[PDB]
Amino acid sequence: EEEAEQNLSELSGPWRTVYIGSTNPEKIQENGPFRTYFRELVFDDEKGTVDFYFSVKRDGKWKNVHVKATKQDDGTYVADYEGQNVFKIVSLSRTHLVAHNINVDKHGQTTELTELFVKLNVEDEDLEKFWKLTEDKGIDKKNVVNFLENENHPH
């Protein structure tokens, strides 16, 4: 019985959007800039940054977007995306993230958003059980597809 050491960087990896709420419905409606499907998040304790990787559909087509947020002294984060954003992490753990974002667009319009995201965790022993079974059945490693990375890098 063992568990990996807790590190903020250990939180990095595949994450998925569960719910997103908005004070302005238009921002999260179809073709809205904040109807974001998360792919991955990367936390960097040293630089005080969080890199966001998500997909959003615009003009009827899906786009992959990357946004880097920078932490401030007050613990909040700032990021440039469809205007200026100030993001606060309300709750964070190995499996979930609840955040509050304040966005002010190119027209001075303010929108507040809430979100719940969940992390997809793949444990070491589960991976080992999969590979053992795979080799027991005589399946070549090149005959294995990684669906998770496909979902994390869509098109």
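Start at 1 with the first residue shown and count on from there.
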ask   = For the C-alpha atoms alone, is the average B factor greater in 36 to 44 or in 91 to 99, going by the entry?
value = 91 to 99
key: Of 4 to 12 and 145 to 153, the stretch whose C-alpha atoms average the higher B-factor in the entry   = 4 to 12
Selection from 112, 115, 59, 51 [criterion: highest C-alpha temperature factor in the record] = 59
query = Considering only 107, 66, 63, 119, which residue's Cα atom bears the greatest B-factor as recorded?
reply = 107
note = By the entry's values, the third containing the CA B factor of residue 70 is the middle
